[PDB]
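Participant: Would you mind keeping the following structure in view while I ask a few things?
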Amino acid sequence: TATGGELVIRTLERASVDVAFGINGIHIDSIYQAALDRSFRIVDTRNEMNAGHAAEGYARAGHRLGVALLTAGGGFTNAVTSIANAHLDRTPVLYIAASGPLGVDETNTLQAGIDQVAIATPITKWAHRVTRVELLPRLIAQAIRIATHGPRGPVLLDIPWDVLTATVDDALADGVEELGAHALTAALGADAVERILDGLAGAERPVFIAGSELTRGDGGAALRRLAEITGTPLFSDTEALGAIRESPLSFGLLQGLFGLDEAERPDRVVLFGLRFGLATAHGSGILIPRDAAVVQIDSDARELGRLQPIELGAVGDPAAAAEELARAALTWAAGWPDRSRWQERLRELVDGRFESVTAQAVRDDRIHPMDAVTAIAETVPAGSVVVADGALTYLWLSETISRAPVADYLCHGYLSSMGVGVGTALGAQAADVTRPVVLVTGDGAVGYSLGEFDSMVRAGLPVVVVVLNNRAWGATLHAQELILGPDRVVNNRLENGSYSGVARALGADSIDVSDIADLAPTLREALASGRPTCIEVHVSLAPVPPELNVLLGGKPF
Amino acid sequence: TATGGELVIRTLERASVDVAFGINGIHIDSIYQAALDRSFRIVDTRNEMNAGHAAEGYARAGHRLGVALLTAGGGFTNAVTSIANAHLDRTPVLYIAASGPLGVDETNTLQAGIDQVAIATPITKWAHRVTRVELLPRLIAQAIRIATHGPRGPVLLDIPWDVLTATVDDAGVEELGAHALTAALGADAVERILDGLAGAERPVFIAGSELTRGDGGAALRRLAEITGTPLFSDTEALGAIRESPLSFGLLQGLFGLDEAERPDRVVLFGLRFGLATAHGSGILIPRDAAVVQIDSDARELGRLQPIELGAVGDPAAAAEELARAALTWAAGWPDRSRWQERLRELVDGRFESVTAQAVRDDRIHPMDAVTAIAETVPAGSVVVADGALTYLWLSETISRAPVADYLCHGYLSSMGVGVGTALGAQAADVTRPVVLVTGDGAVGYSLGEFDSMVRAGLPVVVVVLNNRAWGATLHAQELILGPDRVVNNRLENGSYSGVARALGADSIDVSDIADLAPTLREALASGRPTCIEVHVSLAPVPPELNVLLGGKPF
Amino acid sequence: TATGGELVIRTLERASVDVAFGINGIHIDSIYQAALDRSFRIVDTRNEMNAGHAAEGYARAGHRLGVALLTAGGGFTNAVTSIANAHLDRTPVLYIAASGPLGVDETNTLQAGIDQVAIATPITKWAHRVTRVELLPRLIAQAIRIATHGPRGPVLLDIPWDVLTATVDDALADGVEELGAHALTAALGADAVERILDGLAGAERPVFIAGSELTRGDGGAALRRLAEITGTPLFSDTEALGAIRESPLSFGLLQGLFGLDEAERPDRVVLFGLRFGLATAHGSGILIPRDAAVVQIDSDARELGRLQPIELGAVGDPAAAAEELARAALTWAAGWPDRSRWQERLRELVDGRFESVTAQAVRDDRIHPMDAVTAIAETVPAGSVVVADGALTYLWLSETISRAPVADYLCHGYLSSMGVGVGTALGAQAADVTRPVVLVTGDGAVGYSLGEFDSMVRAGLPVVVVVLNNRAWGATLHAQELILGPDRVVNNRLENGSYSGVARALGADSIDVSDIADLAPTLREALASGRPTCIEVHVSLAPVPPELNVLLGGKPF
Ligand SMILES: Cc1ncc(C[n+]2csc(CCOP(=O)(O)OP(=O)(O)O)c2C)c(N)n1
Ligand SMILES: Cc1ncc(C[n+]2csc(CCOP(=O)(O)OP(=O)(O)O)c2C)c(N)n1
Ligand SMILES: Cc1ncc(C[n+]2csc(CCOP(=O)(O)OP(=O)(O)O)c2C)c(N)n1
Ligand SMILES: [Mg+2]
Ligand SMILES: [Mg+2]
Ligand SMILES: [Mg+2]
C-alpha cells in the first residue's frame, strides 16, 4: 500500500530534491506524514509566499528543481507572487497544492471552491489537477519534465485532499516514470557553429552576453572556455553573473557596456539565453547597439529579435551551444585575433565607472550606499551566494557586485517584486547549509517577511540579512521627488521601527551599523557565527544610483 | 483637464469611501497624486496582502465598500489571497491594480507580462482591464454596482500605467449602487412564510452575512421580537442579531437538542449551507425541518438539504416585509416562551459546562482567556478573530460580548488575515475600539503591520494567544494520528510582544489569567497600537474542533 | 499613412503568405480593404469553421503558415473547433480575429462582450489582444514566430475594430520585424549523433517512425536519405506519410507493425517528432514494443517517455536531427549491416495484411469500403493531396493509403472532429491550384459543411469530394451494435438526402457510383475536369475496418 503523499515523496526522491518548503495543513498532511517516515526534509515557513520564494532560491542557488508544498485555499493563494516571480524569471519550481475533496466538491466546505489551476494558468508552463491517485507518479514526472526544460519555469499540480489520501498497490508505487534528467538537449549544428564562429572571427569589437538560461544548464564552464579561447569579453545579467565571474575575460553586468563612443561600440554581440527586456534596456540600444550584428540563442523563438534586429537566431539550448562553439573554436584553422586593445578599453570602461561613482559620492551623516555595497562586495567570501532585494539598495549593489567572488547573485527579475529576498535567501541557504548566504535588502522590502527570521532560527539556516535602511520606500520616493518635485512625495516614508530589534525578538543575531568602518568587520563576524543574523545598516536616502536613471529615462552617467 | 488618477479619486469620493489601502508604486502613482491634491486618505501597509485585507475589514466593519490600491506585478499578486477571501466571504471590495504600459506591451518590461485579469477572474464577480482613459468613470461605476449588490463580492479593475497618466476633458455622473431597490418578498410570499411560522411548534431564525450587508438586522430583530422567534446567526451576522433579547448567538449553539425538541421550522436570511451549518449533516439545521431559505443566488437554494420554500431575493428586504406584516398579523403570535426557555437553557448550559470541564495547567487556559476578553471588550467594539484553535475557543464566548461586529474566518479559513483585517477595520472608525484575537502562528504573516499601525495612528489591540505552535494542525496530527506523528507544527521560538515593541507599538506579556482583563483595559484606554502576548496552553481541545474533524462536538 | 489593416497585410506579405481565409464583417473589413488595394487574396467561405480548417489544410499541404481572418463575435467563435484541431495536431495557423471597439467597451454593442482571448487560451500557444495600432507589426511577428517553431501550433491575435481602423506613420510600416524564417533550429550535437548511430548499427531489427513535427520542418529528404544509407525500415503516422512515401525503405503507416511474433518484434525504434498517443496505440506496445530501445526526438520534453520508457530522449527539432544523423551515417566508418532479411519480413507483413484484408471482404449489394478505398488509392495521381474525413471511412482508407503516391495525406488528429475534411481540402487546394486534391469523406461528416461546395465553385478550387455514403453515422453505430447489441443502435442512422444533389445545386459536378467498376473511371474523369466535384459512393455499412477494434481497445485482428 502507498498513499498519494507517499507517491509524491517517492517521485521527489527520484528527482533528487532533498528539501521541500511549505506550511502544514490537514489537506496536504499526507505528504508530510510520508516525509516523516521516508525522512524527507520539509522546512516550514511563516508565510506560504516565502515557502515558494524559498523553493525559487533553493532552485536558483542549487542549480536544481525547487519544490513548494501548499495546502488548500489560502495556502495556495499566498504563493501566487512566487509563481509569478518564477514564471518571469524562467526558474524551475514545482508547486504542489492541495485542494478540496472531490467527493464533497461544491459543498461550501473549508478551504475549497477556488479554481487554483485557473489562477495559476497564466503564470505557469503547466497547471493541472490530478483527479486520480494512480495518475500521480506519471503526472508529476510530466510536470518535472516541463519545469526543468528550456525555457525553464514553474508548474502547478493541484491534488485534491481525497486523492492525496487515497491508496494504490505497491506494484504501481514502484514503476519508474521519465524525469528527462538525462535527455539530450538542443545543440548547435555543425553548419550553424561555423557561421557563428566565422562572424566572431571577423568582428572588430565582439562581446558575449549571458542570461539565466545559460546558468540553468551549467553552460558556464563551456561559455568561459569559449570566451577564453576566442578572447571575447564576457558580460551577463544578474542571474548569470556567477557563471561568467570566474573567467579573466569576464566584465560583469552588461549595464557596464554603457558609455562607449560612437566608433567604440561593439559590432557583434552573441547572446546566450538572454532576452531583450529590462536587463538590456529594452531595444533602446544603449547596451546592445541596434546597428550591431546580434546573434541570439534562446529556447523560445518568441524572444528572437523581439525588440531589436538580430543577424542570426538559433532556437536551441544556450548551454549546449557554448559547448559546441567552444569545441570548434579550439581547433579553428584560422586562429583567433588579439583582442587585447578591445579588452583593455572595456576594462577601463568598467573600472572607470566604479572609480568615478566612488569619487562622485556625496557623504552626509549617514552611511553612503556606495560605501555600504563596496564594503559588502569586498567582504563576502569566495563562492558565496548573495541575494539582493529592495530597489535603491539593489541598484547601488549593481555597481559593486561584479567585483565580489560570488558563486551566485540572485537579484530582482522582470516582476521586480519587493520582499522576495528573505524567502529567497532562506531557500538558497537550504541548498548548502555550509555555504555563506548574504541577503542585501532595503528596509521596506524586509518588512514583507519579518517572521521568516523565526523560520531560519528553527531550521538552522544562517543567512546574514543586511538591511540598508534609508527610512523609506526609497526608489518610489525618488521617482516622486525627481519627476514631480519634493512637494509631491507622499505615502513613501518609513521613519519608524528597528529591524535588528525585530530579528532579535525572533531569536536571531542582530547588530546595528551606523559607521561605514564597522560594516566590514561586523559582516565578517556575522558570517563566522553560523547563526541567522540581521545587520541593520543606517544609510543615506539622498544618493541616486546611476542605474536609477536608466529605468526612468536611461542616460545614467 | 483631469488625469486618470483624478478620475479614480472622483468616483471613489462619489461612492462615499474616505480611506484606501495600498503600497505606493510608480505605475499607480497617478492615483496617489490625485489623493494628495484631493486630501483623499491612503493608508500604506507593509504587505499588499494586508492592503487587501484592510479593505475587507474596512468594508466588513464599516458596512461600506472597501478599496485597495495595488501596483503592477507583485503589487497585484500579493493581494490574490485577499481577493479569494472576499470572494468566498461575499465581501464588497474594489481592487484597483495597475498594469504595464500599453504602448510598451510585450516588451519584457518592469512589473509587466502578467494577465492580472485572468488571474483574478476565478475569484471575482468581475475582472476587467480599462484600455482607454475616457472609460474610467463609467467602468468604475459598473465595478462598484457589481461589487455592492447581492451576493456581494470583489471586483478587479486593471488600469495600465499609461491609461492612469492619460488626461481627459473636464466634461457627467454615472450610476453607482446606492438608491437601487432590492428584491423584497412579494405580498403572497410574505403571508405564506408568516402563516407557516405561526403554526410552528419550535421555530428558529438564522441570519447570514448577506443580512448584514444592507443593514438587515434592525428589521430581523423586530420580526424575531414580534413573532417571539429565537434568533441565531453565523459570525458575520452576530452583530446584527446580538442586541435582541431573542438572540441566542452563533448557530453552533443549536446542537444537542433531543429528537422531539429538535427545531421544526427554520428561516435562513442570507446564510448558505456550508462550513457554518455543518453542511447538510443536520446537526444544526435538521433535515426533517421545514426550511425556508432567502438568498440572492439560486445556486444556494437547497444546495445540501431539502428546503420547503426558497426565495431568491435580498434577505434584508425580506426581513422588513415580514416584520411589517407580522406586526399587524390578525391571528397573533403564540407564546414560544417555553421554547425560548429551553433554548436559553441549552446555550447557557453549554457555556457553563465548557468552563467546568476546563483542565488547567500552569499556562493560561484558552477558555479562560477568551472568557476574559469577551467580558472585557467595550460595548459596540469590533472584535477580529484569527488563528484556528484561538477562534474556535472564542466561538464559545463571543456571543456574550457586547460586540458591534465580529470579523472571523470565512470558508477560505486563511490563517494570517487577522492583522490586515483589524487594521482596516480600525481605519473605518478611528475612535471606536478594535480588538484582534489571534494565534501565534497566524500573527507571523503580517508582523510588520505593527509598524503600519504606528505610522497611521490606528490603535488596534492585537491579543496574541501563544500556544507555541500552529495549533489546530498539530491537534489534527495528534488526535487523528497520534503524538508521535506531530511534525512541522511546533513554534517554540520568538517573542511577538518583543517584535511589536521594536516596531514602535505598546507591548505586554500576560502569564496569569488574573492580569489579562486589566491589561486589555489599559491597552484600550492607551489610544496606542498594543500587542498583548498571552501565553496559553496548547492541550485543550475546543468543542468545535471536533465538528471540523468529525461531527460530535460535545 | 498606413491603416492597421495595411500593417497586418504588410506583415503577412513579408511572411510569404499569399492566401488567407475568412468571412467579411465591418469590424475586420480594413484588412479586406488593404488586401484589395495590395492584391492580397482572401478566399471567403460559408462558415468561419471552414475558414479555419482551410487555413489548417493550406498550412499542412503547403508546408507553410496558414492565416484565417475572423470578424468579431460569432466570426471568432465559429472557428474554435479549427483552433482546437490545430492545437492537438501541431499545425501552424495564425488566427486574426477582430473585436468590439475599445472606445465603446462594455456598452452592450454588436458582436462585442466576448473574451475571445480567454476562450482561445486553453487551445493556443499564444492568445493576445492588440490594444494599440502601433504594436501591430511587432506583435504579429511575435505571433508568427511562436506559431512556426516546434512544437507548431495555433496563435490567436485579437485586434479591436477601432485599432484596425486607426492609422500610423509610413516610417512605422517601413521597419522590419523578425519573422523567424531564417532562425536555426535545435540540432543534434556531435556527441549526440555518435551515440544514436552507434546503437542503430548494433540493432538487430531497427525501425524509424516519423511524426508531424518532421513534416512541418523539411525533414523528409534527410530522413529518407538516412533510412536509405542505414537500410532502416521507415514508418510514420498519417501526417508524415507523405514525407516517407517516396523512399523505397518506406513501409507506410506505423499501424502496419502489428502482428510480428515475439522474437520478431523490433528491438530499436527512433521516433522523429511522433508522440505516444492515439497514433501509437498509446503505451500498449502492440506497435512500438515497450521492451524495445526507443530513441525519441520531440520539441517538448513533456512528450519524452510519456506513455512508455525510452532509452534516449532528445529535445530538439526532428528535421534537424535527421539531417545531422544522415550526414554522419553516410561516412559511418563501420558501414551498415545488411538489413535485407528484416526488410523482407516487414514487406511480407505489410503487403500480406493488404491482401488478407481484401481477401476477407464479404460483399453485399452496396459497394464494399475496402474496394472503394483500394480504387481511390490506385487511381489518385502522383504528388496528389488526399484529405480524410468520416470515421469508418478514414479507418478503411488507412489500409490502402500507404500504397497511394500522395505528396500529403491529411487525416484526423487526436481531436477526431468529424466535419473538418471539406474545409481542409479547400485550403489544401488553395495551396497549389494546379495540383489535384481529393477528399475521401463520410456521409455524416460532409453534412457539416455542404455550403463550401459554393465556396469551391466561386474560388475555383477544384476539390474532388468522394463521399463514402453508408447512410449512417458509421463508427458510432458500430460501437453501439458491437459492444451493446443490434437492438441498442440509436440516433445514428442517416437514411435521407443526396449529397451529389446538394453539390449540383451549389454548382459543382455531381455523380453517383453504385457499382464498384465505375468508381476509378469516375474519379479519373472528375480529376481531369478541373471543376469542384462530388462523387457519392453508395457503400456497405456492415464491414468493420480492422483499426476500429484498436480504437475500441482490442487488437486489429
Ligand atoms: C510588491 C511591490 N510593491 C511595490 C513596488 C514598488 N516599489 C519599487 S521600489 C520600492 C521601494 C523599496 O523600498 P526599500 O525596500 O526600502 O528599498 P530602497 O528602494 O529604499 O533601497 C517600491 C515600493 C514593488 N516593486 N513591488
Ligand atoms: C493560509 C493557510 N495556511 C495554512 C493553513 C493550515 N492551518 C490551519 S490551522 C493552522 C494553525 C494556526 O496556528 P495559530 O494561528 O497559532 O492558531 P492556533 O491553532 O495555534 O490557535 C494552520 C497552519 C490555513 N488554514 N491557511
Ligand atoms: C465533432 C464530432 N462530433 C461527433 C463525433 C462522434 N463520432 C465519431 S465517428 C462518428 C460517425 C461519423 O459518420 P460518417 O462521417 O458518416 O463516417 P462513417 O463512420 O460512417 O464512415 C461520430 C458522430 C466526433 N468524433 N466528432
Ligand atoms: Mg529603503
Ligand atoms: Mg497558535
Ligand atoms: Mg457514414
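Following the order of the C-alpha cells, first chain is A, next is B, and so on, with residues numbered from 1 inside each chain and ligands from 1 in the order they appear.
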Output the contact residues of chain A with respect to chain C at a cut-off of 8 Å, based on only C-alpha atoms, as a ChimeraX atom specification.

Facilitator: /A:138,142-143,145-146,149,177-178,180,182-190,192,300-306,309-310,312-317,324

Participant: Write out as an MDAnalysis selection string each polymer residue (protein, DNA or RNA) that has an atom no more than 8 Å from ligand 6, with only C-alpha atoms and all ligand atoms counted.

Facilitator: chainID C and resid 390:393 442:445 468:475 541

Participant: Have a look at CA of residue 463 (chain B) and CA of residue 547 (chain B) and let me know their distance in Å, one decimal.

Facilitator: 25.5 Å

Participant: Rank B:485, B:129, B:242, B:350 by their smallest atom-to-atom distance to chain C, using only C-alpha atoms, and report the top residue only.

Facilitator: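 Looking at the shortest contact to chain C, the residue is B:129.
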
Participant: For the atom pair CA of residue 119 (chain A) and CA of residue 128 (chain B), what is the interatomic distance in Å to one decimal place?

Facilitator: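 One can read the CA of residue 119 (chain A) to CA of residue 128 (chain B) distance as 15.0 Å.
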
Participant: Run DSSP on the backbone and give me the residues of region 47-112 of chain A it puts in alpha helix (DSSP H), as a PyMOL selection string.

Facilitator: chain A and resi 48-62+74-77+80-89

Participant: Could those residues be written to a file, using C-alpha atoms, as a compact mmCIF listing (two decimals), in the first residue's frame?

Facilitator:
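Generated output (result35.txt):
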# COMPACT_ATOMS: atom_id res chain seq x y z
CA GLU A 48 3.44 30.42 2.18
CA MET A 49 4.67 33.25 -0.07
CA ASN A 50 8.16 32.71 1.31
CA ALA A 51 7.78 28.92 1.06
CA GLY A 52 7.51 29.48 -2.69
CA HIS A 53 10.31 32.05 -2.74
CA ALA A 54 12.44 29.59 -0.77
CA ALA A 55 11.84 26.93 -3.41
CA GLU A 56 12.88 29.52 -6.01
CA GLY A 57 16.07 30.44 -4.16
CA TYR A 58 16.75 26.77 -3.47
CA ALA A 59 16.39 26.10 -7.20
CA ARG A 60 18.45 29.09 -8.31
CA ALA A 61 21.29 28.58 -5.83
CA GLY A 62 21.26 24.79 -6.04
CA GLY A 74 -5.02 30.37 1.30
CA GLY A 75 -2.06 28.01 1.31
CA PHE A 76 -2.13 28.17 -2.49
CA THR A 77 -3.15 31.82 -2.92
CA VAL A 80 0.91 33.32 -6.24
CA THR A 81 3.60 36.03 -6.18
CA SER A 82 6.33 33.38 -6.08
CA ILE A 83 4.75 31.53 -9.01
CA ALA A 84 4.58 34.83 -10.91
CA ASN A 85 8.17 35.63 -9.98
CA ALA A 86 9.40 32.19 -11.07
CA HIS A 87 7.28 32.49 -14.24
CA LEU A 88 9.01 35.67 -15.44
CA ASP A 89 12.42 34.56 -14.17

Participant: Let me have all residues with an atom within 7 Å of ligand 2, counting only C-alpha atoms and all ligand atoms, laid out as an mmCIF file with N, CA and C atoms, in the first residue's frame.

Facilitator:
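Output contents, as saved in pocket_18.cif:
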data_model
loop_
_atom_site.group_PDB
_atom_site.id
_atom_site.type_symbol
_atom_site.label_atom_id
_atom_site.label_comp_id
_atom_site.auth_asym_id
_atom_site.auth_seq_id
_atom_site.Cartn_x
_atom_site.Cartn_y
_atom_site.Cartn_z
ATOM 1 N N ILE A 23 3.925 25.089 4.517
ATOM 2 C CA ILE A 23 3.291 25.192 5.826
ATOM 3 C C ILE A 23 2.274 24.066 5.916
ATOM 4 N N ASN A 24 2.305 23.325 7.015
ATOM 5 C CA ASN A 24 1.462 22.146 7.128
ATOM 6 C C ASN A 24 -0.017 22.515 7.140
ATOM 7 N N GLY A 25 -0.836 21.596 6.641
ATOM 8 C CA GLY A 25 -2.278 21.692 6.758
ATOM 9 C C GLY A 25 -2.857 20.308 6.613
ATOM 10 N N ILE A 26 -4.103 20.152 7.062
ATOM 11 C CA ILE A 26 -4.696 18.817 7.057
ATOM 12 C C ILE A 26 -4.881 18.298 5.631
ATOM 13 N N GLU A 48 3.309 31.289 3.341
ATOM 14 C CA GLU A 48 3.439 30.421 2.177
ATOM 15 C C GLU A 48 4.113 31.138 1.017
ATOM 16 N N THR A 71 -0.869 24.015 1.088
ATOM 17 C CA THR A 71 -2.173 23.490 1.451
ATOM 18 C C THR A 71 -3.288 24.237 0.715
ATOM 19 N N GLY A 73 -6.651 26.331 -0.476
ATOM 20 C CA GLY A 73 -7.159 27.667 -0.254
ATOM 21 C C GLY A 73 -6.065 28.703 -0.127
ATOM 22 N N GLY A 74 -6.012 29.340 1.049
ATOM 23 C CA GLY A 74 -5.019 30.372 1.303
ATOM 24 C C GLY A 74 -3.594 29.873 1.215
ATOM 25 N N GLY A 75 -3.374 28.594 1.529
ATOM 26 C CA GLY A 75 -2.061 28.011 1.309
ATOM 27 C C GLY A 75 -1.588 28.202 -0.115
ATOM 28 N N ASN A 78 -1.490 32.393 -1.202
ATOM 29 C CA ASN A 78 -0.349 33.141 -0.674
ATOM 30 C C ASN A 78 0.920 32.921 -1.493
ATOM 31 N N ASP B 386 -8.519 35.517 14.449
ATOM 32 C CA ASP B 386 -7.593 34.817 13.573
ATOM 33 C C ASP B 386 -7.060 33.623 14.350
ATOM 34 N N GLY B 387 -6.215 32.814 13.716
ATOM 35 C CA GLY B 387 -5.791 31.588 14.366
ATOM 36 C C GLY B 387 -6.908 30.564 14.346
ATOM 37 N N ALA B 388 -6.588 29.280 14.517
ATOM 38 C CA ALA B 388 -7.602 28.219 14.411
ATOM 39 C C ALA B 388 -8.194 27.850 15.770
ATOM 40 N N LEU B 389 -7.401 27.179 16.613
ATOM 41 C CA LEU B 389 -7.852 26.870 17.969
ATOM 42 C C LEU B 389 -8.310 28.136 18.688
ATOM 43 N N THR B 390 -7.631 29.257 18.426
ATOM 44 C CA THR B 390 -7.996 30.541 19.013
ATOM 45 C C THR B 390 -9.435 30.935 18.686
ATOM 46 N N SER B 413 -10.756 30.272 5.351
ATOM 47 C CA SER B 413 -10.045 29.904 6.579
ATOM 48 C C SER B 413 -8.541 30.108 6.436
ATOM 49 N N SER B 414 -8.157 31.240 5.853
ATOM 50 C CA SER B 414 -6.756 31.516 5.570
ATOM 51 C C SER B 414 -6.137 32.157 6.806
ATOM 52 N N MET B 415 -5.245 31.430 7.466
ATOM 53 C CA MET B 415 -4.557 31.986 8.621
ATOM 54 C C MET B 415 -3.684 33.161 8.200
ATOM 55 N N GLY B 416 -3.754 34.241 8.971
ATOM 56 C CA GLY B 416 -2.971 35.429 8.720
ATOM 57 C C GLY B 416 -3.774 36.647 8.334
ATOM 58 N N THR B 438 -5.789 36.674 18.054
ATOM 59 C CA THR B 438 -5.096 35.915 17.030
ATOM 60 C C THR B 438 -4.187 34.887 17.678
ATOM 61 N N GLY B 439 -3.821 33.890 16.884
ATOM 62 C CA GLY B 439 -2.862 32.898 17.310
ATOM 63 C C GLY B 439 -1.438 33.329 17.022
ATOM 64 N N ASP B 440 -0.499 32.584 17.598
ATOM 65 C CA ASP B 440 0.904 32.912 17.396
ATOM 66 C C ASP B 440 1.347 32.601 15.971
ATOM 67 N N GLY B 441 0.856 31.504 15.393
ATOM 68 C CA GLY B 441 1.232 31.186 14.024
ATOM 69 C C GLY B 441 0.709 32.204 13.030
ATOM 70 N N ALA B 442 -0.572 32.553 13.155
ATOM 71 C CA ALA B 442 -1.205 33.451 12.198
ATOM 72 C C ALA B 442 -0.569 34.837 12.216
ATOM 73 N N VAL B 443 -0.278 35.368 13.409
ATOM 74 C CA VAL B 443 0.227 36.735 13.513
ATOM 75 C C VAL B 443 1.573 36.912 12.824
ATOM 76 N N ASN B 466 -0.632 32.705 22.629
ATOM 77 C CA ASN B 466 0.520 31.934 22.084
ATOM 78 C C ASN B 466 0.526 30.525 22.674
ATOM 79 N N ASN B 467 0.351 29.511 21.823
ATOM 80 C CA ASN B 467 0.430 28.091 22.267
ATOM 81 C C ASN B 467 1.770 27.512 21.804
ATOM 82 N N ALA B 469 2.712 27.007 18.756
ATOM 83 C CA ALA B 469 2.537 26.057 17.663
ATOM 84 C C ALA B 469 1.524 26.577 16.653
ATOM 85 N N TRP B 470 1.596 26.011 15.448
ATOM 86 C CA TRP B 470 0.440 26.007 14.566
ATOM 87 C C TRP B 470 -0.538 25.022 15.204
ATOM 88 N N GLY B 471 -1.448 25.525 16.034
ATOM 89 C CA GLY B 471 -2.236 24.692 16.928
ATOM 90 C C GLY B 471 -3.106 23.604 16.331
ATOM 91 N N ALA B 472 -4.132 23.992 15.566
ATOM 92 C CA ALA B 472 -5.120 23.017 15.109
ATOM 93 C C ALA B 472 -4.484 21.955 14.225
ATOM 94 N N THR B 473 -3.509 22.348 13.406
ATOM 95 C CA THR B 473 -2.814 21.370 12.581
ATOM 96 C C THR B 473 -2.069 20.356 13.444
#

Participant: Compute the set of chain C residues within 9 Å of chain B, using only C-alpha atoms, and express it as a PDB file with N, CA, C and O atoms, in the first residue's frame.

Facilitator:
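Wrote it out as out14.pdb, contents follow:
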ATOM      1  N   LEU C 102     -12.572  49.448 -28.524  1.00  0.00           N
ATOM      2  CA  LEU C 102     -12.208  49.784 -27.151  1.00  0.00           C
ATOM      3  C   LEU C 102     -12.943  51.033 -26.669  1.00  0.00           C
ATOM      4  O   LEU C 102     -13.310  51.120 -25.491  1.00  0.00           O
ATOM      5  N   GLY C 103     -13.203  51.986 -27.570  1.00  0.00           N
ATOM      6  CA  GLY C 103     -13.862  53.228 -27.206  1.00  0.00           C
ATOM      7  C   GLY C 103     -15.287  53.058 -26.717  1.00  0.00           C
ATOM      8  O   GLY C 103     -15.790  53.924 -25.994  1.00  0.00           O
ATOM      9  N   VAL C 104     -15.959  51.982 -27.116  1.00  0.00           N
ATOM     10  CA  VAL C 104     -17.325  51.725 -26.674  1.00  0.00           C
ATOM     11  C   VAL C 104     -17.331  50.427 -25.880  1.00  0.00           C
ATOM     12  O   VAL C 104     -18.277  49.636 -25.971  1.00  0.00           O
ATOM     13  N   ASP C 105     -16.268  50.190 -25.115  1.00  0.00           N
ATOM     14  CA  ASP C 105     -16.182  48.970 -24.327  1.00  0.00           C
ATOM     15  C   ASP C 105     -17.328  48.889 -23.324  1.00  0.00           C
ATOM     16  O   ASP C 105     -17.735  49.892 -22.737  1.00  0.00           O
ATOM     17  N   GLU C 106     -17.875  47.686 -23.166  1.00  0.00           N
ATOM     18  CA  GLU C 106     -18.897  47.405 -22.159  1.00  0.00           C
ATOM     19  C   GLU C 106     -20.166  48.233 -22.374  1.00  0.00           C
ATOM     20  O   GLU C 106     -20.829  48.638 -21.419  1.00  0.00           O
ATOM     21  N   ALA C 118      -9.554  34.903 -23.825  1.00  0.00           N
ATOM     22  CA  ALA C 118      -9.740  33.907 -22.777  1.00  0.00           C
ATOM     23  C   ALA C 118     -10.261  32.594 -23.347  1.00  0.00           C
ATOM     24  O   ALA C 118      -9.837  31.514 -22.919  1.00  0.00           O
ATOM     25  N   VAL C 130      -4.395  43.097 -29.181  1.00  0.00           N
ATOM     26  CA  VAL C 130      -3.576  44.226 -29.598  1.00  0.00           C
ATOM     27  C   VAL C 130      -4.334  45.501 -29.256  1.00  0.00           C
ATOM     28  O   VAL C 130      -5.337  45.822 -29.891  1.00  0.00           O
ATOM     29  N   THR C 131      -3.842  46.247 -28.266  1.00  0.00           N
ATOM     30  CA  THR C 131      -4.572  47.400 -27.751  1.00  0.00           C
ATOM     31  C   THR C 131      -4.216  48.713 -28.446  1.00  0.00           C
ATOM     32  O   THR C 131      -4.981  49.679 -28.340  1.00  0.00           O
ATOM     33  N   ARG C 132      -3.076  48.782 -29.129  1.00  0.00           N
ATOM     34  CA  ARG C 132      -2.626  49.995 -29.797  1.00  0.00           C
ATOM     35  C   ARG C 132      -2.145  49.642 -31.196  1.00  0.00           C
ATOM     36  O   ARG C 132      -1.424  48.656 -31.380  1.00  0.00           O
ATOM     37  N   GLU C 134       0.032  50.892 -33.122  1.00  0.00           N
ATOM     38  CA  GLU C 134       1.481  50.903 -33.303  1.00  0.00           C
ATOM     39  C   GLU C 134       2.109  49.550 -32.987  1.00  0.00           C
ATOM     40  O   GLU C 134       3.140  49.200 -33.570  1.00  0.00           O
ATOM     41  N   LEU C 135       1.516  48.782 -32.068  1.00  0.00           N
ATOM     42  CA  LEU C 135       2.078  47.483 -31.699  1.00  0.00           C
ATOM     43  C   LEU C 135       1.869  46.419 -32.766  1.00  0.00           C
ATOM     44  O   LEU C 135       2.442  45.331 -32.645  1.00  0.00           O
ATOM     45  N   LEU C 139       3.796  42.678 -32.751  1.00  0.00           N
ATOM     46  CA  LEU C 139       3.052  41.581 -32.141  1.00  0.00           C
ATOM     47  C   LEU C 139       2.738  40.479 -33.150  1.00  0.00           C
ATOM     48  O   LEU C 139       2.774  39.292 -32.804  1.00  0.00           O
TER      49      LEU C 139
END

Participant: Using only C-alpha atoms, determine which residues lie at most 12 Å from residue 410 (chain B), disregarding the query and same-chain residues fewer than 4 positions distant; provide the list as a ChimeraX atom specification.

Facilitator: /A:73-74,108-112 /B:56,82,84-91,208-209,234-237,272,274-276,385-386,388,391,406,414-415,417-418

Participant: At a cut-off of 10 Å, using only C-alpha atoms, what residues contact residue 434 (chain C)? Leave out same-chain residues fewer than 4 positions from it and give the result as a ChimeraX atom specification.

Facilitator: /C:429-430,461-462,530

Participant: May I have the residues from that selection written out with N, CA and C atoms, as a CSV table (one decimal), in the first residue's frame?

Facilitator:
chain,number,residue,atom,x,y,z
C,429,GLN,N,-6.4,22.8,-51.3
C,429,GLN,CA,-6.4,23.1,-52.8
C,429,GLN,C,-5.9,24.5,-53.0
C,430,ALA,N,-6.2,25.5,-52.2
C,430,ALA,CA,-5.7,26.8,-52.4
C,430,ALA,C,-4.2,27.0,-52.3
C,461,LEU,N,-11.5,26.4,-56.7
C,461,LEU,CA,-10.7,25.4,-56.1
C,461,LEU,C,-11.3,24.0,-56.4
C,462,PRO,N,-10.7,23.3,-57.3
C,462,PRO,CA,-11.4,22.0,-57.9
C,462,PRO,C,-11.1,20.8,-57.0
C,530,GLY,N,-11.1,19.6,-63.7
C,530,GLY,CA,-10.7,20.9,-63.2
C,530,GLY,C,-11.8,21.7,-62.6

Participant: How many Å separate CA of residue 255 (chain B) from CA of residue 374 (chain B)?

Facilitator: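 Atom-to-atom, CA of residue 255 (chain B) to CA of residue 374 (chain B), that is 21.9 Å.
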
Participant: For residue 303 (chain B), list every protein, DNA or RNA residue within 8 Å, evaluated using only C-alpha atoms, and leave out those in the same chain fewer than 4 positions away; present the list as a list in words.

Facilitator: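 Once the adjacent positions are removed, what remains is residues 107 of chain A; 273 and 299 of chain B.
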
Participant: May I have the residues within 9 Å of residue 114 (chain B) as a list in words, using only C-alpha atoms and disregarding those fewer than 2 positions away in the same chain?

Facilitator: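 Contacts, in chain order: residues 84, 88, 122, 123 and 415 of chain A; 72, 73, 99, 100, 111, 112, 116, 117, 118 and 119 of chain B.
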